[PDB]
Structures are given as structure tokens and as C-alpha cells.
Q: 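One structure, as C-alpha cells, below. Some questions next.
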Amino acid sequence: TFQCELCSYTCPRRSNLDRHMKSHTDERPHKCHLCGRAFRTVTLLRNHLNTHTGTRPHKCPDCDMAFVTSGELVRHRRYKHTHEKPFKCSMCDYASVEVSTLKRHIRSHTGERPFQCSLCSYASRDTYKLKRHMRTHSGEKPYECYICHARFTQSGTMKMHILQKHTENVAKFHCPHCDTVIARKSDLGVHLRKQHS
DNA sequence: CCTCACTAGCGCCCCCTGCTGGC
DNA sequence: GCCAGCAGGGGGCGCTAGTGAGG
Ligand SMILES: [Zn+2]
Ligand SMILES: [Zn+2]
Ligand SMILES: [Zn+2]
Ligand SMILES: [Zn+2]
Ligand SMILES: [Zn+2]
Ligand SMILES: [Zn+2]
Ligand SMILES: [Zn+2]
């Protein structure tokens with residue numbers, strides 16, 4: 001197996017060996033003229049231009065969605081149609097379509113928190129969770145109620161706001177031990193832990 | 001072969017749940 | 001109790017860089 005030996009990639013085929021030699025250290029000749037980003041191959045530039053125009057030739061045969069590359073169509077079919085989850089956890093029955101999703105799941109088993117907040121002692125298991133946590137320090141409220149124009153730090157909080165304040169005839173919770181009506185299920189949980197041990 | 005598949009990976013934002021503490 | 005704040009385990013897509021067998 002003739003190999004590059006630089007990173008020691010083993011290649012049974014021939015043309016794939018010379019193609020890998022161009023990925024160790026090569027410039028980016030194919031330059032996009034809209035933005036300032038350049039690419040190595042014509043196909044990478046053609047796909048980049050499709051993202052500029054929204055051209056999606058790979059159409060899903062099971063739904064209306066379409067994608068730029070064939071890989072995005074394959075991953076979509078595993079999420080919404082075939083439900084094929086190739087990456088499985090060795091500690092439980094969990095499985096995911098992508099590797100990083102499984103690694104995020106494994107960190108729930110191990111408790112690894114590698115993303116430390118730079119302003120407090122908090123650390124999260126995911127990059128997004130740290131960014132959502134930063135709103136506590138910045139006071140940012142990105143989500144706005146489309147009815148009363150009230151702002152919230154999370155989208156789920158906004159949806160609960162619309163349910164509890166703008167939705168009519170919402171089924172409320174009744175305490176099984178006393179005649180107390182409670183709107184939110186979690187507030188029923190607090191009431192049960194206070195006046196009922 | 002140079003085009004399309006499949007893989008590997010980063011990046012990003014939504015979902016739902018359930019608790020907390022000021023009011 | 002009402003309420004927004006806030007952290008937890010999750011689904012799913014956007015986009016790029018390599019790779020693998022191919023009419
Ligand atoms: Zn190599
Ligand atoms: Zn561009
Ligand atoms: Zn589909
Ligand atoms: Zn697991
Ligand atoms: Zn912090
Ligand atoms: Zn509102
Ligand atoms: Zn009660």
C-alpha cells in the first residue's frame with residue numbers, strides 16, 4: 001500500500017493517494033469573489049456558491065426539504081426517515097446519528113464539564129449551554145412575545161408565558177390533598193413539598 | 001479520471017422538562 | 001402561588017474538508 005507517510009495515510013487505490021498529497025500543505029487557489037474565502041477544489045467552491053444563492057440540487061424524496069450537498073441529504077434521511085443511528089452508547093441504549101451528539105451524551109454519564117465560564121465558576125457540557133449561560137451575565141433577552149412585546153432570556157420561557165397569560169381555558173392543576181388550584185405543574189410540586197411533606 | 005456517494009467534524013439553535021427565588 | 005430566570009438531557013440543520021468506489 002503506497003502511502004504518503006507524512007501522516008501515514010494508507011491508500012489501496014492510486015488516484016486517492018496523489019489527491020491526499022494535496023491536502024497536507026496547499027494554498028487555496030479557487031477564491032470566491034463575493035466574500036473573501038478561498039477553497040482548494042472546484043467542487044468546494046461550487047458548493048460554497050450554492051450556499052450564496054440557496055441552490056439545493058439534492059432534493060429529499062420523502063419531504064419538501066432540499067440540500068446543497070449529498071451528505072446533508074443523507075444525514076437528514078437518518079434523522080427524519082430511516083432513523084438510522086450508527087453511533088451507540090456503550091453504557092446505555094442511547095444512540096445518535098452524529099458522533100458529537102453521542103459525545104455530548106457520554107459527558108452526562110461522566111459529568112465532564114470542559115467549557116468553563118470566564119466570569120463565574122459555572123461550567124457546561126456543551127458549547128451552546130455556555131453561550132445560553134452568558135445571558136445571565138449580559139442581561140440579553142433575545143426572545144419577544146408577539147402579543148404583549150415582553151422579552152425573555154430563553155425561548156421556552158416565552159412559550160410558557162404565552163400559554164399561562166394569553167391562552168384561554170387552560171386546564172389547571174388541583175392539589176390531591178387540599179382544595180387548592182395551581183396553574184403550573186412545577187408550582188404544584190412546590191406546594192406538595194411545602195404543606196404536605 | 002474528475003463527478004458524486006459516504007465519512008468526520010465544527011458550528012449553531014431549537015425542543016422539552018423542572019426547579020429556584022423574588023415578588 | 002405567580003412568574004421569569006435558568007440549567008438539564010435532547011433533536012436537527014448549516015457548512016466544510018477528506019475519502020471511496022464509479023458510468
Ligand atoms: Zn498523508
Ligand atoms: Zn463566498
Ligand atoms: Zn426528508
Ligand atoms: Zn449512555
Ligand atoms: Zn458565568
Ligand atoms: Zn405576552
Ligand atoms: Zn395541598
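All values below were derived from every heavy atom in this structure, side-chain atoms included, with hydrogens, water molecules and symmetry-related copies excluded. Reminder, nothing fancy here: chain letters follow the sequence lines and each chain counts from 1.
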Q: Check side chain to side chain contact (heavy atoms under 4.5 Å, CB included) between A:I106 and all other residues, then give those that pass, not counting sequence neighbours.
A: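 Residues passing side chain to side chain contact (heavy atoms under 4.5 Å, CB included) with A:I106: A:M91, A:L102, A:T110.
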Q: For A:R78, which contact category applies under a 4.0 Å heavy-atom criterion: base, sugar-phosphate, or nothing?
A: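 Sugar-phosphate, no base atom in range.
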Q: Would you mind reading off the bend of the helix from B:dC4-C:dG20 to B:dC23-C:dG1 from its two end axes, five pairs each, to 10 degrees?
A: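 End-to-end axis angle for the helix from B:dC4-C:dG20 to B:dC23-C:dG1: 10°, rounded to 10°.
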Q: Does A:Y122 have any ring pair (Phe, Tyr, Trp, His ring centres under 6.0 Å) partners at least two apart in sequence or in another chain, and if so, which?
A: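 Partners of A:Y122 under the ring pair (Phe, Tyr, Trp, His ring centres under 6.0 Å) test: A:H133.
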Q: Do the two ring centres, one from A:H48 and one from A:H30, sit under 6.0 Å apart?
A: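 Centroid separation for A:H48 and A:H30: 6.0 Å or greater.
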Q: My understanding is that only residues two or more places apart in sequence, or in another chain, count here; which of them pass side-chain hydrogen bond (donor to acceptor under 3.5 Å, both in side chains) with A:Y79?
A: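 Per chain and number, A:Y79 pairs via side-chain hydrogen bond (donor to acceptor under 3.5 Å, both in side chains) with A:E98.
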Q: For residues 181-197 of chain A, which residue pairs pass the salt bridge (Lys or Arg N to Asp or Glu O under 4.0 Å) check, not counting sequence neighbours?
A: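 For residues 181-197 of chain A, and leaving out neighbouring residues, there are no salt bridge (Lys or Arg N to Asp or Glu O under 4.0 Å) pairs at all.
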Q: Atom pairs under 3.5 Å, N or O on each side, protein against nucleotides 3-5 of chain B: can you list them with distances?
A:
from	atom 1	to	atom 2	distance (Å)
B:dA5	OP2	A:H58	NE2	3.3

Q: A:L44 side chain: which of C:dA7, C:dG10, C:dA17 is closest?
A: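 Minimum distance to the A:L44 side chain belongs to C:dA17.
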Q: What is the distance from CZ of A:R184 to P of C:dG5, rounded to the nearest Å?
A: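 After rounding, the gap between these two atoms is 13 Å.
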Q: Should A:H76 be listed as having a side-chain N or O under 4.0 Å from OP1 or OP2 of C:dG12?
A: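 It does not, given that no N or O in the side chain of A:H76 lies less than 4.0 Å from OP1 or OP2 of C:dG12.
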Q: My understanding is that only residues two or more places apart in sequence, or in another chain, count here; which of them pass side chain to side chain contact (heavy atoms under 4.5 Å, CB included) with A:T127?
A: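 Partners of A:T127 by the side chain to side chain contact (heavy atoms under 4.5 Å, CB included) criterion, ordered by chain and then number, come out as A:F115.
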Q: Of all residues at least two apart in sequence or in a different chain, which pass the side chain to side chain contact (heavy atoms under 4.5 Å, CB included) check with A:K172?
A: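 Scan of A:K172 (side chain to side chain contact (heavy atoms under 4.5 Å, CB included), adjacent residues dropped) gives A:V181, A:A183.
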Q: Among residues 83-103 of chain A, which ones have heavy-atom contacts with DNA chain B below 4.0 Å?
A: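 By residue number: A:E98.
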Q: Got a sec, which pairs hit salt bridge (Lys or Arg N to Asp or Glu O under 4.0 Å) with one end in residues 143-152 of chain A, sequence neighbours left out?
A: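 The answer is A:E144-A:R151.
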Q: Scan nucleotides 13-23 of chain B nucleotide by nucleotide, 5' to 3', and note B when protein non-hydrogen atoms come under 4.0 Å of the base, S if they reach only the sugar-phosphate, - if neither.
A: BBBS--BB---
Q: With sequence neighbours excluded, give me every salt bridge (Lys or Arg N to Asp or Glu O under 4.0 Å) pair touching residues 79-91 of chain A.
A: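 Those involving residues 79-91 of chain A are A:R78-A:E84.
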Q: Using whole Å, what does the distance between atom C1' of nucleotide C:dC3 and atom CD1 of A:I182 come to?
A: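 Rounded to whole Å, this separation is 14 Å.
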